[PDB]
Amino acid sequence: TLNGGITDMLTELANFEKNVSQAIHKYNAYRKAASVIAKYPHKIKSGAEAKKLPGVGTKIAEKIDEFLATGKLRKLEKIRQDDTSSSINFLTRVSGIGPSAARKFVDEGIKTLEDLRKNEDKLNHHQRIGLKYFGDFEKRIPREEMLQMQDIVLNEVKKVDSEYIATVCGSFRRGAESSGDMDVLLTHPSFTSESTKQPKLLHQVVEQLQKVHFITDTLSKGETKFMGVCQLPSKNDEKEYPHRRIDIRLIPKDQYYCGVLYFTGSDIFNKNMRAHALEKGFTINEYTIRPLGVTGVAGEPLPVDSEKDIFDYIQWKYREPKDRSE
DNA sequence: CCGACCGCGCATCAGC
DNA sequence: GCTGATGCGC
DNA sequence: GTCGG
Ligand SMILES: Nc1nc2c(ncn2[C@H]2C[C@H](O)[C@@H](COP(=O)(O)OP(=O)(O)O)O2)c(=O)[nH]1
Ligand SMILES: [Ca+2]
Ligand SMILES: [Ca+2]
Ligand SMILES: [Ca+2]
Ligand SMILES: [Cl-]
Ligand SMILES: [Cl-]
Ligand SMILES: [Cl-]
Ligand SMILES: [Cl-]
Ligand SMILES: [Cl-]
Ligand SMILES: [Cl-]
Ligand SMILES: [Cl-]
Ligand SMILES: [Cl-]
Ligand SMILES: [Cl-]
Ligand code: NA
Ligand code: NA
Ligand code: NA
Ligand code: NA
């Protein structure tokens, strides 16, 4: 909230380029500019001041000078008044509708939540589920509920096999008072990078959580990534709990630390961390960190014993999850 | 004054 | 079936 | 849109 006006302004322009113009690199440019302004420890006074930061160029500095002088931005006033632009934006908020499908619907005259429910035969399984819980998925999750959900997941995993290990990540791990959804990192001695000694390791766990009626729906599912829906049990004659998005990612036991770093985030922290890695000569994904060659290829993975080891390779002071909250 | 931009899981489509 | 691309998501 | 090749 230090420079809250500017970073809100740029986040709004970022969404317009992603969802309407389908310019993903203009989207990423606006998120970078808003995120560096957010870490800047002063109240900004001019476009020429902001231009000194990396990722603010001539055009964004001219927009900050308009906003500080007038309290508004004209380009965002036209965007906000364009019906077609604003319909396309709203549609992408449904799980499973992106910019491509949102523009095709709007070109076909489908432009409200009522229009969607009337045209359910134009939607795939994913989009239909995202429409079903649309209001529920717009809601935050209090840390007190995340606590109960974690107790249920850890207890049932232990009943399947006591050698599984499950860890709640995402914004919860970063200490947030509320989260957007629940993210679970899972490992088992039988799935390593070297060998898969047992079948259906992820399937076995989804199944047990379905049979005690914790998981309620599947958006997508493979051998390592599950994307779906879940719900806490309610008491007699109390309002049910909102349904919630859940993601479970099975990672090889020996690559747990790269995996838990990716899964803890945030998204723009990850993006900035991997960009810095590149200018230091490495590449980071959720499995490994590797160095790059003169060709550009990645070499063999480097040993890792902790989250801190990865910050060390790229020469970063360690950051506890609560300070990765960009 | 043009050409790249973090990295990948799952579902589906074109050309073969 | 496969590549390689599009689309949507973490 | 920005930065760097
Ligand atoms: N490299 C990279 N990592 C990402 C990206 N999006 C998400 N991740 C990671 C960081 C997130 O904390 C984690 C879970 O996704 P999320 O639930 O949308 O984020 P969150 O609100 O819990 O932080 O996935 C992404 O776009 N790029
Ligand atoms: Ca998530
Ligand atoms: Ca989350
Ligand atoms: Ca995100
Ligand atoms: Cl772009
Ligand atoms: Cl307005
Ligand atoms: Cl009608
Ligand atoms: Cl809320
Ligand atoms: Cl389902
Ligand atoms: Cl399900
Ligand atoms: Cl798979
Ligand atoms: Cl890898
Ligand atoms: Cl670049
Ligand atoms: Na700059
Ligand atoms: Na309008
Ligand atoms: Na969406
Ligand atoms: Na992709």
Side-chain angles (χ1 to χ4, degrees), chain A residues 9-10 13-14 16-19 21-37 47 50-64 75 91-105 123-130 137 169-173 179-186 202 206 218-229 245-252 255 258-280 282-290 292 296 298 310 314 326:
Chain A
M9 166 176 66
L10 304 169
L13 294 173
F16 167 86
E17 298 294 357
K18 196 221 292 154
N19 295 336
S21 311
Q22 300 191 33
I24 195 64
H25 297 297
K26 289 221 204 172
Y27 164 83
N28 283 326
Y30 275 121
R31 294 277 316 269
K32 182 174 189 207
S35 151
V36 65
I37 291 172
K51 181 158 178 191
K52 286 179 221 211
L53 305 162
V56 183
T58 297
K59 303 261 261 165
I60 289 189
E62 290 198 325
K63 291 177 169 58
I64 289 175
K75 175 177 186 39
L91 288 190
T92 72
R93 311 181 77 181
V94 174
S95 194
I97 303 186
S100 180
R103 178 179 286 255
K104 208 254 190 154
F105 289 142
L123 311 175
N124 61 51
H125 176 77
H126 182 173
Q127 299 168 323
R128 286 160 73 136
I129 300 271
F137 292 170
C169 298
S171 81
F172 173 76
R173 188 158 185 263
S179 323
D181 70 349
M182 191 201 207
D183 310 288
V184 183
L185 175 65
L186 187 76
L202 180 60
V206 177
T218 301
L219 296 176
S220 84
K221 182 160 171 287
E223 306 272 8
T224 57
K225 183 161 86 72
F226 172 86
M227 193 176 87
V229 190
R245 282 274 291 104
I246 184 167
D247 293 319
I248 303 167
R249 185 78 193 268
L250 178 80
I251 290 265
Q255 297 177 332
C258 282
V260 84
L261 174 71
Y262 151 68
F263 228 16
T264 290
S266 68
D267 71 340
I268 184 72
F269 169 91
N270 280 1
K271 202 204 159 257
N272 288 339
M273 192 169 167
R274 304 181 175 192
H276 181 70
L278 292 172
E279 261 187 278
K280 293 278 192 183
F282 305 91
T283 175
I284 296 184
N285 54 19
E286 68 257 57
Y287 310 110
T288 56
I289 179 178
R290 307 146 173 266
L292 307 139
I310 306 161
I314 67 175
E326 274 139 50

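FYI, side chains are in, hydrogens and waters are out, and symmetry mates aren't considered; it's all heavy atoms of this structure. Naming convention: chains lettered A, B, ... in sequence-line order (proteins, then strands); numbering from 1 in each chain.
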A.B. asks: Considering residues at least two apart in sequence or located in another chain, which fulfil the salt bridge (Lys or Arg N to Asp or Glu O under 4.0 Å) criterion with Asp181(A)?
C.D. replies: none

A.B. asks: P atom, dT2(D) versus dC6(B): distance in rounded Å?
C.D. replies: 16 Å

A.B. asks: If you walk 5' to 3' along DNA chain D, what is the first nucleotide with an atom under 4.0 Å of a heavy atom in chain A, and what is the last?
C.D. replies: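 Going 5' to 3' along DNA chain D, contacts run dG1(D) to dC3(D).
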
A.B. asks: What pairs with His276(A) under ring-ring contact (aromatic ring centres under 6.0 Å, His included), at least two apart in sequence or on another chain?
C.D. replies: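 Counting only residues at least two positions away or on another chain, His276(A) forms a ring-ring contact (aromatic ring centres under 6.0 Å, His included) with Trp316(A).
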
A.B. asks: Quote, to the nearest angstrom, the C1' distance that separates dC8(C) from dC2(B).
C.D. replies: 31 Å

A.B. asks: Could you list the residues that satisfy side chain to side chain donor-acceptor pair (under 3.5 Å) with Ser21(A), not counting sequence neighbours?
C.D. replies: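 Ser21(A): side chain to side chain donor-acceptor pair (under 3.5 Å) contacts with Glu17(A).
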
A.B. asks: Among residues at least two apart in sequence or on other chains, which ones pass side chain to side chain contact (heavy atoms under 4.5 Å, CB included) with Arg103(A)?
C.D. replies: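 Listed in chain order: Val20(A), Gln22(A), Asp107(A).
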
A.B. asks: So what does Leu219(A) hit on the nucleic acid, given a heavy-atom distance under 4.0 Å: a base, only sugar-phosphate, or nothing?
C.D. replies: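 Nothing, no heavy atom under 4.0 Å.
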
A.B. asks: Return whichever of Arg274(A) or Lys221(A) has its heavy-atom-nearest nucleotide of DNA chain B closer to the 5' end.
C.D. replies: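 By nearest-heavy-atom nucleotide position, the 5'-most residue is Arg274(A).
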
A.B. asks: Test of understanding: with salt bridge (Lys or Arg N to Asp or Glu O under 4.0 Å), list the residues that count as partners of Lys104(A), not counting sequence neighbours.
C.D. replies: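 Salt bridge (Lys or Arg N to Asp or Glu O under 4.0 Å) check on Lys104(A) returns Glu108(A).
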
A.B. asks: Checking all strands, does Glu286(A) fall into the base, sugar-phosphate, or nothing category for heavy-atom contacts under 4.0 angstrom?
C.D. replies: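 Result for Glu286(A) = sugar-phosphate.
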
A.B. asks: Could you tell me whether a side-chain N or O of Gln127(A) sits under 3.5 Å from a main-chain N or O of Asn124(A), the two making a donor and an acceptor?
C.D. replies: yes

A.B. asks: What string of B, S and - do you get for nucleotides 3-10 of chain C, 5' to 3', if B is base contact, S is sugar-phosphate-only contact and - is no contact with any protein heavy atom under 4.0 Å?
C.D. replies: ----SSSB

A.B. asks: If I pick the P atom on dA4(B) and the same atom on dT6(C), what distance separates them, to the nearest angstrom?
C.D. replies: 15 Å

A.B. asks: Going by the sign of the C1'-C2'-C3'-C4' torsion, is the sugar of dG1(D) north or south?
C.D. replies: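 Sugar pucker of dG1(D) - south, given that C1'-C2'-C3'-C4' is below zero.
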
A.B. asks: Under 4.0 Å, counting only non-hydrogen atoms across every strand here, what does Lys32(A) touch: a base, just sugar-phosphate, or nothing?
C.D. replies: nothing

A.B. asks: Tell me which pairs pass salt bridge (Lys or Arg N to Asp or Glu O under 4.0 Å) where either residue lies in residues 220-229 of chain A, with sequence neighbours left out.
C.D. replies: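 Residue pairs with at least one partner in residues 220-229 of chain A: there are none.
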
A.B. asks: Reading DNA chain B from 5' to 3', where do the contacts with chain A start and stop? Cut-off is 4.0 Å to heavy atoms.
C.D. replies: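 Using the under 4.0 Å cut-off, the span is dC5(B) to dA11(B).
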
A.B. asks: Mind checking what makes side chain to side chain donor-acceptor pair (under 3.5 Å) contact with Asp247(A), not counting sequence neighbours?
C.D. replies: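 With sequence neighbours excluded, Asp247(A) shows a side chain to side chain donor-acceptor pair (under 3.5 Å) to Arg245(A), given in chain and number order.
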
A.B. asks: Using the test salt bridge (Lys or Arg N to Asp or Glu O under 4.0 Å), find all partners of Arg290(A) that sit at least two apart in sequence or belong to another chain.
C.D. replies: none

A.B. asks: Looking across every strand, which nucleic acid part, if any, lies under 4.0 Å from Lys271(A) by heavy atom: base, sugar-phosphate, or nothing?
C.D. replies: base

A.B. asks: Label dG15(B) north or south, basing it on the sign of the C1'-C2'-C3'-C4' dihedral.
C.D. replies: south

A.B. asks: Using the ring-ring contact (aromatic ring centres under 6.0 Å, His included) criterion, which residues pair with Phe137(A)? Sequence neighbours excluded.
C.D. replies: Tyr133(A)

A.B. asks: Can a donor-acceptor pair be found, under 3.5 Å and without considering hydrogens, that links the side chain of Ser35(A) to the backbone of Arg31(A)?
C.D. replies: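 No, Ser35(A) side chain to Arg31(A) backbone: no donor-acceptor pair under 3.5 Å.
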
